[PDB]
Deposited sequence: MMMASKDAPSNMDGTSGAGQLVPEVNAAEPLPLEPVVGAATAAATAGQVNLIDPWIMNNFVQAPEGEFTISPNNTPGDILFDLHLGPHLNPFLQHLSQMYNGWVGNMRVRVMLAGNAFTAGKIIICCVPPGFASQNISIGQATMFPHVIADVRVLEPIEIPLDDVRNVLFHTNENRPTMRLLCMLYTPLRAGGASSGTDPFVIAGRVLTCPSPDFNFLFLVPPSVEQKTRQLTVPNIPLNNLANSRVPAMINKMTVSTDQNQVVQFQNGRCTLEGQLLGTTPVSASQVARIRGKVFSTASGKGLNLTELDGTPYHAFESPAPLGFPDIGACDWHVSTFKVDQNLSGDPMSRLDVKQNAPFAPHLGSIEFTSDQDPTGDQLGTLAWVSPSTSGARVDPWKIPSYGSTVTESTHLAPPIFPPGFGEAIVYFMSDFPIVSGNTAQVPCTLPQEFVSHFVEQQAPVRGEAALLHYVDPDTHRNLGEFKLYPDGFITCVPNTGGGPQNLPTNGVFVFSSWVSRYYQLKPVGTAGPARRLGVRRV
């Protein structure tokens, strides 16, 4: 290779506080990378990306567990590539070393030979060993994200034999130039956390919009519908968006004070614990329903007395032009007499006119710092929604969709993990036989996408599996079809 030898730990020996050691049995065995599975099929053209890495301590699950009590790292790692072919095949492969700070859209196979490369045949027997060295700009890497040295593997000549696919594995162990740098109290710094997904089956996740359970996932019928839900919106760093509450006993709730004028009878909106509502950036009080273009039916009760009568009194809210909850004022009608304070929940909806149809894929017009919409991205990636049984009269369906469940939002808020990639990769896993049922992507804005089969998506999967985080991938990572 045209690479000069680099030095790992002699530059950061004098200017850092400490230089710490590593258990010598980690330096010897080769441990498989997180995304270290790739196949080569005869349907592949020359030029397809097969794998893609970048240098760090996350390429080895011992270094990732050791780095949570340290502060810096330097050094080079060693990579193995192991193919599985026999003596009756033909084809080549290319593995190039892209330097840090190089940004480009696509690299052809003619431009891939201008990097320091290794062109390896398919029929090889001993595994290919490639040095992955550290080309630094500073003395030592601290615990932030910063672009590092990449490997890039592409097909070079197409595969010919005589559905024979060829499977490959990537294995990685550090060189003796690897070192950690400063003893820190473990798992306290935010920069060394890792994102995790709760260990709860799908038939025990609550809905994030109505108070019911999730029973089956679908994809929408339209494949480019744009959704702008305001309940169940939260990014991966634990920043709530819209009117998303935290717990699951706060979804689709209403608390306010009743005023009685000659104009009608209405509600002055407060929050769900007695604090007065502030109109700074929230479109509504935290816990307000977002079912748009319908007629709500909220059943409340009287709060601060020793009640002797029948407390429950249904209230009917119509989404006309006086409906403006952003100012903290909705108008209702009823058959009982609700006075004072009323804490209630949304029971069921109704259409506006006498013959209209309730479309639960829409949001009301509040009157103002809304949540941003969700466009369906990439190549064939479809946003997976979660349906739930809820009483909707005179509608096309009885299923209410969402993007994330409530126990995901209540976990992302407490966890406060950072984002180390451009997307996440999940694995739907049966909890009995531990077999992988399908893979999904988790984007940094909080919506799960997938690539479905023709005529079948995630709805064909059973409803008692458990999501499991795997690793961080790029945005253009290819998924497998589900169905």
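*Asks:* Could you name the stretches of the deposited sequence that have no C-alpha atoms in this structure?
*Replies:* Unmodelled stretches: 1-30, 193-199, 405-410, 527-539.
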